[PDB]
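J.: Chains as they are written, first to last, in the UniProt record's numbering: chain A, 3 to 90, 97 to 111, 127 to 240; chain B, 173 to 345.
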Ligand SMILES: [Zn+2]
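1) Going by DSSP, name the residue or residues bridged to residue 176/A.
2) How far does the beta strand (DSSP E) with residue 33/A in it extend, from its first residue to its last?
3) Could you pull the DSSP bridge partners for residue 238/A from this structure?
4) Can you tell me whether DSSP reads residue 264/B as helix, strand or coil?
5) Can you confirm whether residue 186/A, when its beta carbon is compared against all beta carbons of chain B, has any partner nearer than 8 Å?
6) Do you know offhand how far residue 323/B's Cα is from residue 317/B's?
7) Just checking, does the region 176-190 of chain A make contact with the region 174-181 of chain B on the three C-beta pairs under 8 Å criterion?
8) Residues of chain B with CB under 9 Å from residue 182/A, in chain order?
9) When you compare the CB of residue 293/B with every CB in chain A, is at least one pair closer than 8 Å?
10) Counting only beta-carbon atoms, is residue 296/B nearer than 8 Å to chain A?
11) Is residue 330/B close to chain A, meaning its C-beta is less than 8 Å from at least one C-beta of that chain?
12) Got a sec: is the Cβ-Cβ distance from residue 221/B to anything in chain A below 8 Å?
13) What distance in whole Å lies between the Cβ atoms of residue 53/A and residue 142/A, which are believed to be in contact at a cut-off of 8 Å?
14) Give the interface partners of residue 171/A over in chain B, defined as CB-CB distance under 7 Å, in chain order.
15) Could you tell me whether any non-hydrogen atom of ligand 1 is closer than 7 Å to the CB of residue 218/A?
16) Could one say the Cβ of residue 210/A lies closer than 8 Å to chain B's Cβ atoms, at least one of them?
17) Helix, strand or coil for residue 178/B, going by three-state DSSP, please let me know.
18) Considering only C-alpha positions, which residue in the set 19/A, 105/A, 48/A, 227/A is nearest to residue 245/A?
19) Give me, in chain order, the residues of the same chain whose beta-carbon lies closer than 6 Å to that of residue 283/B; leave out the 5 immediate sequence neighbours on both sides.
20) With hydrogens ignored, establish whether the beta-carbon of residue 156/A is closer than 7 Å to any heavy atom of ligand 1.
21) Touch check for the region 300-310 of chain B and the region 205-216 of chain A: three-plus C-beta pairs under 8 Å?
22) What does DSSP give as the partner residues of residue 133/A in its beta bridges?
23) Using a Cβ cut-off of 9 Å, pull out every chain B residue sitting near residue 192/A, in sequence order please.
24) Relative to the C-alpha of residue 234/A, which residue among 167/A, 223/A, 104/A is closest?
25) Looking at residue 102/A: is its Cβ nearer than 8 Å to the Cβ of residue 281/B?
26) Comparing the C-beta of residue 290/B with each C-beta of chain A, is any distance below 8 Å?
27) Using 8 Å as the cut-off, can you tell me whether the region 325-337 of chain B makes contact with the region 236-247 of chain B, which would need three or more C-beta pairs spanning the two stretches below that distance?
28) What do you get for residue 237/B, buried or exposed, if any count of 16 or more other CB atoms within 10 angstroms of its CB means buried?
29) Please specify which runs of the alpha helix (DSSP H), each continuous and at least 4 residues long, are wholly inside the region 196-247 of chain B, giving them in chain order.
30) Near residue 170/A, which residues of its chain fall below 6 Å by C-beta distance, leaving aside the five closest residues on each side in sequence?
31) Among the residues of its own chain, which have a CB less than 7 Å from the CB of residue 161/A, if the five just before and after it don't count?
32) Return helix, strand or coil for residue 173/B, following the three-state DSSP convention.
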């Protein structure tokens with residue numbers, strides 16, 4: 003069993019406290035620097051290295067490698083919760105205006136996190152990726168047979184209601200989803216207003232998506 | 173009138189029946205029964221016959237049917253068609269200017285800052301600036317289904333004229 007809140011706190015500790023003496027001994031907090039860059043939106047992708055994670059918790063590396071999607075979510079949540087500490097285009101404008109309304128975490132999330140695999144894991148061939156490795160972080164070699172064009176994948180859909188002027192949000196996980204039609208807000212439902220939802224492609228979070236097929240050497 | 177779905181002055185079945193009465197001369201016998209004092213017991217029946225003869229007609233139009241009315245009604249029909257067509261064209265252009273010249277899925281949404289929605293936030297409008305130019309707060313709504321016991325009454329007839337020969341005969345009658 004796991005206490006994923008404690009795991010999140012340990013991940014926060016690692017991100018805050020790790021240093022690696024880059025640039026010939028400057029003692030740089032590499033993940034703190036990249037957190038500053040993410041908070042300023044000068045960087046979008048954060049490739050956290052599990053070799054770095056191994057240097058203070060091999061058990062955490064094992065937990066990540068065994069349950070990688072869960073820990074991807076936990077690392078992303080920890081980073082998002084830590085961006086204000088290091089916070090010294098169109099979707100930015102929408103996030104600003106939604107903050108004005110406050111004055127959908129996945130929509131306000133404007134970064135992405137990935138695990139650069141540990142060197143202890145041998146790079147498998149495609150044939151060696153057994154069913155026992157489902158849900159686990161694996162390294163696979165191969166020839167790229169074919170690549171699709173980059174397409175927009177909906178991450179968080181955003182709708183606006185005609186009658187009650189309210190935004191509604193629909194996070195997307197599965198490869199298919201049901202688009203919302205009638206407005207769920209109580210000011211529409213209680214007044215039986217018949218208000219409907221229009222997707223706002225401008226104010227909804229897409230992501231670059233690309234499908235490719237690897238093949239054995 | 174589903175089968176007698178017949179135009180302005182095409183001879184209906186009733187028109188043909190009246191014309192047959194005219195040609196047979198039974199109208200003269202009805203006039204004799206009404207004018208004669210010897211058999212007044214049939215006067216009520218003859219009144220019923222006359223009341224059933226005249227059903228589409230009204231007296232103000234019937235009395236004005238002169239011998240030269242056919243040519244006049246030809247020109248009147250052309251004028252009525254002309255004004256009807258011009259009216260329809262004008263209505264089409266008002267509708268065309270109401271909607272935009274872009275296609276239906278040409279998106280874009282607006283906020284009217286000074287206009288509250290049914291909630292606390294401002295209304296978000298989706299149907300375009302050209303619908304905002306003459307904005308109404310019931311553009312997207314449907315009418316209400318008023319119940320059967322509440323619905324208004326409607327006309328049981330519409331004014332198809334009888335054929336012009338029948339109109340002349342009925343004016344003479
Ligand atoms: Zn609504």
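Beta carbons are placed, not taken as given, at the ideal position from N, Cα and C, and that holds for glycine.
T.: Let me spell this out:
1) 230/A
2) Counting along the chain, residue 33/A falls outside any beta strand (DSSP E), though it belongs to the alpha helix (DSSP H) covering 32-41.
3) 166/A
4) Here residue 264/B sits in helix by DSSP.
5) yes
6) 10 Å
7) no
8) Chain B residues near residue 182/A: none, gap ~10 Å exceeds 9 Å.
9) Nearest CB-CB separation between residue 293/B and chain A: below the 8 Å threshold.
10) yes
11) no
12) no
13) 6 Å
14) Chain B residues near residue 171/A: none, gap ~26 Å exceeds 7 Å.
15) yes
16) yes
17) Coil, per DSSP.
18) The structure shown does not extend to residue 245/A, since chain A spans only 3 to 240, so no value can be given for it.
19) 294, 296
20) No, since every heavy atom of ligand 1 falls outside the 7 Å radius drawn around the Cβ of residue 156/A.
21) With the rule of 3 Cβ pairs closer than 8 Å, the region 300-310 of chain B does not count as touching the region 205-216 of chain A.
22) Partner(s): none; residue 133/A has no beta bridge.
23) Those do not exist, as residue 192/A stays about 15 Å from chain B at its closest Cβ, beyond 9 Å.
24) 167/A
25) no
26) yes
27) yes
28) buried
29) 198-207, 215-225, 231-235
30) 235
31) 147, 152
32) coil
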